[PDB]
Ligand SMILES: Cc1cc2nc3c(=O)[nH]c(=O)nc-3n(C[C@H](O)[C@H](O)[C@H](O)COP(=O)(O)OP(=O)(O)OC[C@H]3O[C@@H](n4cnc5c(N)ncnc54)[C@H](O)[C@@H]3O)c2cc1C
Ligand SMILES: Cc1cc2nc3c(=O)[nH]c(=O)nc-3n(C[C@H](O)[C@H](O)[C@H](O)COP(=O)(O)OP(=O)(O)OC[C@H]3O[C@@H](n4cnc5c(N)ncnc54)[C@H](O)[C@@H]3O)c2cc1C
Ligand SMILES: NC(=O)c1ccc[n+]([C@@H]2O[C@H](COP(=O)([O-])OP(=O)(O)OC[C@H]3O[C@@H](n4cnc5c(N)ncnc54)[C@H](OP(=O)(O)O)[C@@H]3O)[C@@H](O)[C@H]2O)c1
Ligand SMILES: NC(=O)c1ccc[n+]([C@@H]2O[C@H](COP(=O)([O-])OP(=O)(O)OC[C@H]3O[C@@H](n4cnc5c(N)ncnc54)[C@H](OP(=O)(O)O)[C@@H]3O)[C@@H](O)[C@H]2O)c1
Ligand SMILES: [Mg+2]
Ligand SMILES: [Mg+2]
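Protein chains in written order, with PDB author numbering: chain A, 2 to 444; chain A', 2 to 444. A prime marks a further copy of an entry chain.
Laid out in structure tokens, this is it:
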């Protein structure tokens with residue numbers, strides 16, 4: 002028969018396994034599936050590790066999540082249409098669960114699907130090549146359980162390796178003279194490390210917002226944030242100041258674009274991440290900034306130069322889990338032969354049409370509605386349940402307004418599931434005081 | 002003609018270029034040489050970076066050196082026989098220079114040799130394969146200057162990528178519950194980060210000795226060290242306690258094998274490094290612990306399954322720079338056809354003979370004399386100057402006794418060059434008080 006390689010057992014890889022299992026449960030013949038995962042367990046970014054830099058086997062540490070991390074959007078926006086919160090938890094819960102609670106939810110679905118046996122854990126993909134004549138990809142991997150490098154062939158490769166793990170780490174004048182810790186958001190683990198310290202966060206997106214907020218919540222003496230161009234602009238607490246871009250640092254002091262200065266103990270670069278695919282030749286290698294519409298990906302998925310090489314989840318994310326499902330189901334239907342792809346020139350013209358719309362977006366609302374409309378297109382093409390994109394959009398709108406209202410209070414609010422209609426119930430403790438991050442303490 | 006790939010422009014790679022240039026200066030025809038270096042400049046481990054984890058291009062950070070690092074052995078033990086300290090510095094200096102001063106020395110030789118133009122910087126080796134019929138290696142690299150992956154063929158590959166950059170990072174019960182920083186020695190940058198903090202160093206070799214010592218010198222409140230089996234055993238200062246192995250950690254406290262405990266702010270794993278060659282297939286991939294005599298390396302250099310694949314500097318190090326020269330000169334003479342290699346079975350028998358001697362070593366003296374005798378064998382086979390191994394051995398003996406005498410004072414002592422006979426002169430400031438690490442301040 003035919004063979005599919007899946008790189009990664011995070012949400013996207015797991016969605017891809019779930020897609021095939023769902024078809025198989027309803028009598029479809031499916032390919033052989035091999036999912037290569039470098040970590041010891043599934044969950045991707047949702048799997049926490051204390052490790053930083055490089056893991057015990059010498060691979061770059063994948064994990065960017067930190068202690069005390071909670072859902073940064075309404076859980077109702079990322080609900081699986083085919084495995085509801087009601088089915089998983091059997092009661093209502095808060096709209097903004099800690100990492101461990103959503104990890105439990107993600108695992109719950111693939112536990113139920115019985116797909117764990119497709120996965121080869123502790124295995125890092127090292128190289129991918131393609132042979133024109135056989136139409137096969139050769140995938141070379143290192144099995145760290147046995148310290149052995151091996152290669153197998155596959156008809157399709159689905160790259161679900163993520164793009165929020167390889168840091169974008171810009172130098173600033175004087176980092177080599179500064180006496181405090183300099184790290185990337187990717188290396189941030191326990192905010193208690195910065196208790197009673199004066200912290201600088203460099204950046205103006207979610208990592209800056211949230212890492213700064215954890216430092217606040219867990220007793221940092223002061224937060225300073227700085228932006229390259231656009232301030233985050235929220236009303237910050239008393240001990241937080243937002244400044245224009247860092248110019249330089251000396252042994253202990255940071256100097257900003259406006260000529261102001263601050264004594265700081267540590268610098269956290271919240272400067273985003275790179276799409277980094279060291280295991281790909283240029284012929285297969287997506288090169289893009291973090292955005293809603295990278296080019297060369299037909300339906301945001303199929304590599305236009307070789308559409309038997311697929312990318313999942315490589316867009317920037319408003320939607321997340323149910324976008325990955327939408328992608329995984331479309332990918333599956335194409336691999337099964339149910340949906341055929343057009344010719345390259347047509348794929349290129351359509352990708353460019355999406356790009357032109359992408360380039361016009363200005364407002365947050367335009368941006369999540371763009372991605373909503375992309376997902377609507379995918380879900381209409383397959384048997385993934387066509388859920389209510391418009392109502393999810395309205396939830397995202399409400400969340401944005403909650404964050405404006407109170408950047409430290411938005412996680413206390415409650416939203417209705419668009420899959421089941423059940424309202425989320427208030428959490429037992431306000432976010433700011435909910436110091437314990439465990440699944441036990443939350444439930 | 003013929004082509005040689007060299008992986009890395011650290012001391013070993015540079016030694017390899019210097020070896021060929023030295024032969025060429027005296028009329029030898031030499032191969033085309035391409036040295037691939039992932040960093041932006043030469044020097045290897047001696048090139049300092051503030052970066053930790055992964056570099057700006059997404060490659061694991063190579064650098065393990067930290068602020069305030071000085072020579073941990075007498076400089077007279079690592080002198081180049083073909084480029085003396087006298088020639089480079091034109092006067093005597095201390096026996097234990099800061100990193101920047103020996104970097105200057107290393108660069109000085111290859112500046113004089115004019116070999117920089119062989120090197121392709123910002124280029125990471127990604128894969129190596131070998132073709133039986135052509136007898137060529139295919140070396141695939143990523144050029145980060147241009148974001149392009151390319152492959153070229155070579156008759157020989159000399160792997161000079163080091164083995165003190167990929168950390169050995171063991172888990173200890175509770176690391177995911179501890180509130181302070183957990184890092185490896187590889188990530189240690191500025192000891193001022195730990196000023197007034199209670200530090201734990203895990204390990205009992207050079208990284209534990211020296212990182213603990215920097216923390217001491219730069220005002221850590223206390224140092225705790227712990228050993229897996231053998232204590233370091235030096236007489237430590239008042240605020241330093243050596244303990245048996247860490248058993249576990251809670252939110253702020255470490256618990257040891259003897260039942261004792263200590264509140265700690267940060268944990269630094271000084272637990273060594275891995276030989277990690279992700280760019281090699283198993284057919285070419287050396288698997289070894291850090292030791293004086295890994296197997297499968299004929300004359301400690303030639304991969305016994307394919308001796309056109311060479312490893313430099315993969316032994317544990319008492320000797321360093323002039324061992325790498327000795328290796329590089331032997332490698333060069335074999336590549337030039339001046340020295341022929343015996344058959345595999347003979348290579349295996351001889352490697353095993355070295356191993357049997359290696360396995361019997363117990364004392365520090367036995368260990369550096371073993372490596373001395375290995376180097377004597379290499380230097381006698383080529384035109385590298387046959388320098389006085391016995392006197393270098395006696396210097397190593399004297400250094401060991403100086404460290405016993407005073408683990409914070411040994412860097413104040415002076416030793417005679419075995420290349421020129423000139424005595425090192427006392428430094429202007431005692432190590433403990435010499436807070437400034439610059440080349441300027443030292444000279
Ligand atoms: C710090 C952080 C917080 C977040 N918080 C939220 C949130 O609250 N809500 C939300 O909806 N989204 C959040 N996200 C978004 C996140 O991207 C998605 O939730 C989701 O994890 C993406 O799934 P993925 O499978 O595409 O990638 P990932 O979850 O990153 O998984 C990629 C997988 O590929 C594996 N892998 C990588 N390279 C290789 C290789 N060479 N060989 C083998 N395996 C490999 C990894 O180990 C990993 O398991 C967050 C992201 C980050 C970085
Ligand atoms: C923290 C520390 C302190 C030390 N202090 C001393 C001392 O005081 N005295 C002493 O004699 N020795 C010291 N050493 C020993 C050190 O190993 C040697 O001095 C010497 O640096 C080894 O040279 P090398 O060229 O084998 O390896 P390295 O100096 O490590 O150089 C390896 C090179 O290969 C490059 N590289 C790696 N992988 C790739 C790739 N895939 N593609 C392209 N390039 C790559 C690296 O960027 C680097 O330039 C120290 C070592 C460490 C780790
Ligand atoms: N659940 C949570 O609480 C949580 C926490 C952290 C992260 N996350 C998730 O992690 C993902 C990534 O978010 P992110 O914020 O890390 O990345 P991001 O959204 O890609 O944003 C990158 C930030 O870096 C800035 N930047 C880039 N280069 C810079 C430079 N040289 N100097 C200064 N600033 C620079 C950008 O500024 P410009 O925009 O001006 O270029 C932007 O503010 C998202 O999915 C996010 O939701 C979630
Ligand atoms: N110039 C300088 O001042 C300086 C500073 C730092 C490093 N260096 C150099 O860096 C190189 C590496 O030295 P290194 O000390 O990092 O490595 P190393 O010499 O390989 O020693 C590794 C240490 O880790 C211990 N260890 C290993 N696994 C462990 C575990 N699971 N738990 C507890 N302990 C464990 C070992 O104990 P056992 O031996 O009991 O196994 C040993 O003490 C050397 O060339 C060194 O000179 C130089
Ligand atoms: Mg951006
Ligand atoms: Mg060891």
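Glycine is no exception: its CB is placed at the ideal position from the N, C-alpha and C atoms.
| Item | Value |
| --- | --- |
| Under 5 Å, CB to any heavy atom of ligand 3. Which residues pass, going along the chain? | 73/A, 165/A, 171/A, 204/A, 205/A, 206/A, 207/A, 208/A, 211/A, 229/A, 230/A, 272/A, 273/A, 291/A and 318/A |
| For residue 265/A, does the three-state DSSP call read helix, strand or coil? | coil |
| Using beta-carbon positions only, say whether residue 382/A' and residue 312/A' come within less than 7 Å of one another. | no |
| Please confirm whether residue 170/A has its beta-carbon closer than 7 Å to some beta-carbon of chain A'. | yes |
| Is the region 314–329 of chain A' close to the region 362–377 of chain A', with three or more CB pairs under 8 Å? | yes |
| For the beta strand (DSSP E) that contains residue 402/A, what are its first and last residues? | Not the beta strand (DSSP E): residue 402/A falls in the alpha helix (DSSP H), residues 390–406. |
| Just checking: is the beta-carbon of residue 193/A' within a distance shorter than 7 Å of some beta-carbon in chain A? | yes |
| By the 8 Å beta-carbon criterion, what residues does the region 28–54 of chain A contribute toward chain A'? | 49, 50, 51, 52, 53 and 54 |
| Which residues in the same chain as residue 235/A place their Cβ atom closer than 6 Å to its Cβ, once the five residues preceding and following it in sequence are excluded? | 408 |
| If you follow the beta strand (DSSP E) that residue 350/A is part of, which residue opens it and which one closes it? | From DSSP, residue 350/A is part of no beta strand (DSSP E) but of the alpha helix (DSSP H) over 345–361. |
| Any chance the CB of residue 162/A is under 6 Å from a heavy atom of ligand 1? | yes |
| Which residues in the same chain have their Cβ closer than 8 Å to the Cβ of residue 292/A', if we skip the five residues on either side of it in sequence? | 316, 317 and 359 |
| What whole-angstrom Cβ distance do residue 75/A and residue 396/A have, given they're in contact under 8 Å? | 5 Å |
| Could you name the residues of chain A' that residue 149/A contacts, counting a contact when the two beta carbons are closer than 9 Å? | 283 |
| DSSP three-state call for residue 223/A: helix, strand or coil? | strand |
| According to DSSP, is residue 168/A part of a helix, a strand, or is it coil? | strand |
| Taking residue 194/A and residue 180/A' to be in contact with their CB atoms under 8 Å, please state how far apart those CB atoms are, rounded to whole angstroms. | 7 Å |
| Give the DSSP bridge partners of residue 183/A', in chain order. | 268/A' |
| To the nearest whole angstrom, what separates the beta carbons of residue 65/A and residue 166/A, a pair I think is in contact under 8 Å? | 6 Å |
| For a test of your reading of the model: does the CB of residue 387/A fall under 6 Å from any non-hydrogen atom of ligand 8? Yes or no. | For ligand 8, the structure offers nothing, since it holds only ligand 1, ligand 2, ligand 3, ligand 4, ligand 5 and ligand 6. |
| For a test of your reading of the model: does the CB of residue 79/A' fall under 6 Å from any non-hydrogen atom of ligand 2? Yes or no. | yes |
| For the candidate residues 337/A, 296/A and 308/A, whose alpha-carbon lies nearest to that of residue 350/A? | 296/A |
| Assign residue 134/A' to one of two classes, buried (16 or more other C-beta atoms within 10 Å of its C-beta) or exposed (fewer than that). | exposed |
| In whole angstroms, what is the alpha-carbon distance linking residue 187/A' and residue 219/A'? | 19 Å |
| Tell me, to the nearest whole angstrom, how far the beta carbon of residue 216/A is from that of residue 245/A; I am working on the premise that it is less than 8 Å. | Their Cβ separation, rounded to whole angstroms, is 20 Å, which puts residue 216/A and residue 245/A out of contact at 8 Å. |
| Span of the beta strand (DSSP E) holding residue 151/A? | 149–155 |
| Using beta carbons (cut-off 7 Å, strictly below), is residue 63/A in contact with chain A'? | no |
| Name, going along the chain, the residues of the region 95–129 of chain A whose beta-carbon falls closer than 9 Å to a beta-carbon of chain A'. | 125, 127 and 128 |
| Could you tell me the boundaries of the beta strand (DSSP E) in which residue 36/A lies? | 33–37 |
| If you draw a straight line from the alpha carbon of residue 125/A to that of residue 120/A', how long is it in whole angstroms? | 30 Å |
| Please confirm whether residue 167/A' has its beta-carbon closer than 7 Å to some beta-carbon of chain A. | yes |
| Kindly indicate the opening and closing residues of the alpha helix (DSSP H) around residue 16/A'. | 12–26 |
| Exposed or buried, what is residue 363/A when buried is set at 16 or more other beta-carbons lying within 10 Å of its beta-carbon? | exposed |
| Please report the residue range of the beta strand (DSSP E) in which residue 201/A' lies. | 199–203 |
| Taking a contact to mean a Cβ-Cβ separation below 7 Å, would you say residue 11/A touches residue 163/A in this structure? | yes |
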